[PDB]
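Chains as they are written, first to last, in the deposited numbering: chain A, 49 to 694, 729 to 783; chain B, 49 to 694, 729 to 783. To start, the structure under review is shown below, and the notes come after it.
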Ligand SMILES: CC/C(C)=C\CC/C(C)=C\CC/C(C)=C\CC/C(C)=C\CC/C(C)=C/CC[C@H](C)CCOP(=O)(O)O[C@@H]1O[C@H](CO)[C@@H](O)[C@H](O)[C@@H]1O
Ligand SMILES: CC/C(C)=C\CC/C(C)=C\CC/C(C)=C\CC/C(C)=C\CC/C(C)=C/CC[C@H](C)CCOP(=O)(O)O[C@@H]1O[C@H](CO)[C@@H](O)[C@H](O)[C@@H]1O
Ligand SMILES: CC/C(C)=C\CC/C(C)=C\CC/C(C)=C\CC/C(C)=C\CC/C(C)=C\CC/C(C)=C\CC/C(C)=C/CC[C@H](C)CCOP(=O)(O)O
Ligand SMILES: CC/C(C)=C\CC/C(C)=C\CC/C(C)=C\CC/C(C)=C\CC/C(C)=C\CC/C(C)=C\CC/C(C)=C/CC[C@H](C)CCOP(=O)(O)O
């Protein structure tokens, strides 16, 4: 081909278009909560409802997710709870959440091309680096989910580009462009460290690159004049202000935004000292949830179908259509509307006693439920239900039965979701499962209506599995408790204000301490020595019916080539230094400086983003190598311009063929592992075997 | 005072005499097995009876201990078993065992003085370094026990001295003295790495010091002539042969000695492949080994407490003191004596069948255990045990329960320690854990007796953690198998011979793999960042009747001063380099070179023996810093010669006063903590409080 600015622009546009294509293609396919979408989606939602929470990560990533959610208009109440629940059946915009990391990944590929272009390399080198980042399965798989690692990688690449822009302005110090790019480098580093704490490693890179520069600026005998000590002091002050103080100010600003958005009580208030509880303005749910007492009359509403637990005088038919025999007891149903047949009085287990006031119902208490309209008592037993031969019938019985020979079958455990010992059962806020005490079945319902004999109402029966979310109920109203009762009018709510620095210091210390002790084990934790050559990969999500896995791993051909070129660059530097020690140059001035100033800089970044992971001994995963691998993709491109080099660039055909072959091979490797990256096409068992290269636990073999 | 060779010799003799005094004074006081004397004494004894065993450490240290034991003439059979048993009532020479590390510590102090003397420093600097090593409580406390860290420290100091001797001969290359000191440096490094694997760090130090030298030898433009490439090749070959190949040969020789001494079966044969069991003869000491068959009656003995698994008709009480409710089942206990209630019949899982002969029990088989004296079957279930709310109760049940509705809870897996698939379960030699099949709890016991209701016997319960060594049992006797039975006949007994390299490779791989997985938790594990300033110390041995503790920690004043001088040296080097960048020398040629060639070398050693502990993420203790701290004591001395410097050494009075004051203060600090180092004088409670400087867990307050 050829080389010109128009060709550079065409290649950049094509690379950006293909990046946006690959990152966004099939972004909504997993359509389910995946490996770590749980926590970050929870925190983004908590940002949206302004309820306070606690996390060990710096807030900026979750702020970005919450901004994306707020842009659409979603507020909702779908705080994520478990891996493997459908987003689409919950009216939540997960695609909007996932579009931000995809945008950042596409911009990461564009920024890689920009870094190679600005450094002065030829077109094939920029194309090779941008293509290695483009055709990488790990980068694609990380920018697909609700995960804040894509923001980290994008911020590191932006810091590299900003520092390359700034360093080229070293011949015009303290100008407007000079200060602008200094502050921009500081801001990129600030975003990098405000996403995840490992972003500190970028501060090492730009740190080292500054230090060497300062050393060059401190030489009393240097070709480009000499600086008096006050001038070097001005240079050092500028570097410290733009690279240390501004990043800290932006970090503090992000915590200021975090504190200002969160002004309501929520999960995570207890990690703070009581003064902070005094400033979170405990509100909104507080009003809606009142502790339920024995002898209260309540309504019980199914979370998913919105049906109310209901009864009426009609009885189950003697025979069902399949010939089974019922107890012919009073029907218990789910009813969508409000009427008196929804009213149940919650009563103690054990013998009859006259009513008492103020006895709170608590988590895991055994209770009876008396249907007010018929004066009967809820009961389950091992008689098969109307529609489910495996599930227990629910019915009601007389007082004499409930406190006599059938008493045990009238006892139900109130199991509060996420309940703790002694926790009070509250209207609205205590989602719960109602567990039949003899059998441990959970009271359950579903949408398909009963026949006409059951008034086309929902069936109520006993589910043998307790785990399903369809077993969850809530108490909507304490019907018997008047609107003016003291039990509803004792808020005692006052909210004070603390200085920002005090709150920030308390939160920072608590976050550091919890990150120092609150570690949850994961079966796919990796070690730094396994990353550069992809010895093992992590699995995020899988379902067995469609045979679809989303096993996360890099592109083996691309990673192996990048690491091998890292080794080749090490060898080239060693050989050049050894030949120089003998007094042989063997390198042109232009080709030496670049190999030590630009390419070396890239090799610095990789090192500064890889080696510090050996010092840290907590759990680390393969995605932690995503930043460093990025720098690995840069040196590769440089080394293709280097070894195949004859502005002198006549007959780049050698580098053109080199990059064409390497990128075609990496493209074949990316096509091979593409299903494992996306999980859309169900793959056969023998096809799973072909991907078992270096011992990858695909668990579909 | 003054300075002369006679004064140097007098100071050296006095320092050596005081070293031998301090290391040997009260060496036999603890007169009991202490923190890690167990393992190393076990291995030294096994060396003495020539019975094969397995360890993760290189053999040389235990060879030295066994040589010391053999010199006295002790062979005996007192293989150590538990921490806290008296040596004197067992006819064992523990003082002879402990004299070797004491000799090595005294020689370490002498070698420190020799290193400072040979490098060219003045008398006060050598005295200061040797006194800081002399008056150090950690070095004294490490050279007191049966522990192979003193050998490591002595070998590192010897390698430093040997390399300093060798480097001074650089002006007469390839001479007899040159080669002699090269080989001696290699041999010292070989001993260092053949004691403990962390001795590899010394190879880093002498490695780096060589590399710099080679760089200086590679310069084509250097003041002392120029070397052609063949001459530099000869130099590099000499370094590689004396520093890489000879150390490996000595390491291999120590394994050859280890293999030649061990030609009898012993504990640790099962870690090898059956060829190796074939190359070890079938020996007499603890000869017993007979495969256990279903329907045999056996006794089951706890390895650590020696209690027998036991039962009797008495039942658990309905309520424990804390209000918990038991199953009221038959008690299962640990009993120290021999009686028929220790007898259990081992039976198949699955349905009842009439007895069959010759069905061997194998690794990971599921079994039942029938208590012969009560005709009941061992059972565990998720009911909390007498003393441990977290651990499962062990009880027994009827035949009808064990082969009926409770059958699953009667099944236990026999998991042989280091077992392989299909391995036969044998009396005596198969140490095992008994894993409850439903819950995966391990059958466990501990020393604190049950109350009177349990006859003051040991509790048996289900430990949720399987890894602990306290889960290990063994079968002591096949009670049902008569003494004259064919199964007790001993077969073939033929011993083959393997090439040394094959045995070494198998043993090395197995040792590396077990060190990679076989880690036992310790409550006093420390982190590298706590070492240089003594933030926490380890306790070795203590008895409550005499109020004597042997809490192991360094000398706080000496360690703090040494680390502070390390920091001061860093600052001095930084300031000198910064002034040189401005073009200001500020240092004489002689005072510069020393500060970069001798003192810097010492600072190298410290670094190369401290920083590599951050890369390693296994358990580390304070004694691991003993080598590096040694180098810290050297730079200190150098920095006292440096800053107080006016052969020019007129009026050393400044350095004399400096070293006198520092050593007097360190001597006061060593006197303060001396009881905690020795444990001879019982100290009062208020005296224990005075030693609580930086949060030291003395547990006598
Ligand atoms: C185990 C050890 C191994 C294997 C490797 C160790 C790591 C290595 C080798 C190095 C570490 C990193 C190093 C050395 C530096 C990193 C930080 C530094 C110095 C810079 C940051 C990166 C960074 C933005 C570098 C900027 C480079 C830009 C593209 C230069 C622009 O063109 P420009 O006119 O200046 O070129 C030349 O400008 C000359 C002017 O004088 C002129 O004369 C020439 O004609 C020619 O015009
Ligand atoms: C964060 C970084 C910081 C803070 C610190 C970094 C670490 C530093 C500063 C350095 C790292 C270690 C370094 C540089 C070297 C270690 C290994 C080396 C080079 C040697 C091993 C140690 C080692 C046996 C050194 C031997 C030194 C012996 C005592 C020299 C004997 O006297 P000798 O005649 O040679 O002195 C002079 O000999 C000259 C001959 O030319 C002559 O001219 C002078 O008149 C004068 O007679
Ligand atoms: C004098 C200067 C000289 C010689 C030369 C000029 C050098 C120069 C101009 C620039 C660079 C300077 C250098 C080398 C460092 C400066 C950065 C620094 C130390 C502070 C600035 C960064 C900030 C704005 C905020 C830092 C947040 C704070 C408060 C603490 C974080 C704790 C971290 C980060 C703990 C990392 C482990 C982590 C727990 C793993 C979990 O990991 P994860 O959360 O991902 O799961
Ligand atoms: C080309 C050369 C150049 C450039 C310049 C010349 C350099 C020169 C002349 C000399 C030095 C060379 C250098 C830098 C290294 C050489 C050492 C080396 C790698 C091998 C030689 C050492 C040996 C004789 C035997 C080594 C035992 C073996 C086989 C493996 C051990 C594994 C280790 C040690 C695992 C360390 C962790 C440990 C598990 C923690 C537990 O700890 P612990 O057991 O205490 O509880």
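All residues carry an ideal CB built from backbone N, CA and C; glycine is no exception.
For residue i, report the span of its beta strand (DSSP E) as first-last.
| i | result |
| --- | --- |
| residue 71(A) | Careful: residue 71(A) lies outside any beta strand (DSSP E), inside the alpha helix (DSSP H) at 53-72. |
| residue 671(B) | Neither: residue 671(B) is in no beta strand (DSSP E) and is coded neither H nor E. |
| residue 584(B) | Neither: residue 584(B) is in no beta strand (DSSP E) and is coded neither H nor E. |
| residue 393(A) | 392-396 |
Excluding the five sequence neighbours on either side, which residues of its own chain have a C-beta within less than 8 Å of the C-beta of residue i, listed in chain order?
| i | result |
| --- | --- |
| residue 182(B) | 63, 66, 67, 70, 157 |
| residue 542(B) | 326 |
| residue 371(A) | none |
| residue 689(B) | 169, 170, 172, 173, 737 |
Kindly indicate if chain B contains any beta-carbon less than 8 Å away from that of residue i.
| i | result |
| --- | --- |
| residue 631(A) | yes |
| residue 82(A) | no |
| residue 260(A) | no |
| residue 470(A) | no |
| residue 109(A) | no |
| residue 585(A) | no |
| residue 777(A) | no |
| residue 602(A) | no |
| residue 764(A) | no |
Check whether the Cβ of residue i lies closer than 8 Å to any Cβ atom in chain A.
| i | result |
| --- | --- |
| residue 269(B) | yes |
| residue 662(B) | yes |
| residue 622(B) | no |
| residue 273(B) | no |
| residue 266(B) | yes |
| residue 728(B) | Residues lacking coordinates in chain B include everything strictly between 694 and 729, among them residue 728(B). |
| residue 234(B) | no |
| residue 281(B) | no |
What span of residues does the alpha helix (DSSP H) with residue i cover, start to end?
| i | result |
| --- | --- |
| residue 657(A) | 647-658 |
| residue 160(A) | 142-167 |
| residue 253(A) | 248-266 |
| residue 287(A) | 277-288 |
| residue 521(B) | It is not in any alpha helix (DSSP H) - residue 521(B) instead sits in the beta strand (DSSP E) that spans 521-526. |
Take residue i and list the residues in its own chain whose beta-carbon comes closer than 7 Å to its own, dropping the five residues that flank it on each side.
| i | result |
| --- | --- |
| residue 684(B) | 176, 177, 180, 609, 610, 613 |
| residue 136(A) | 79 |
Can you find the residues in the same chain that come closer than 6 Å, C-beta to C-beta, to residue i, ignoring five residues on each side of it along the sequence?
| i | result |
| --- | --- |
| residue 89(B) | 128, 194 |
| residue 772(A) | none |
DSSP puts residue i in a beta bridge; with which residues?
| i | result |
| --- | --- |
| residue 428(A) | 442(A) |
| residue 591(A) | 596(A) |
| residue 572(A) | Bridge partners of residue 572(A): none, in fact. |
| residue 460(A) | 415(A), 484(A) |
| residue 508(A) | 493(A) |
| residue 380(A) | 359(A) |
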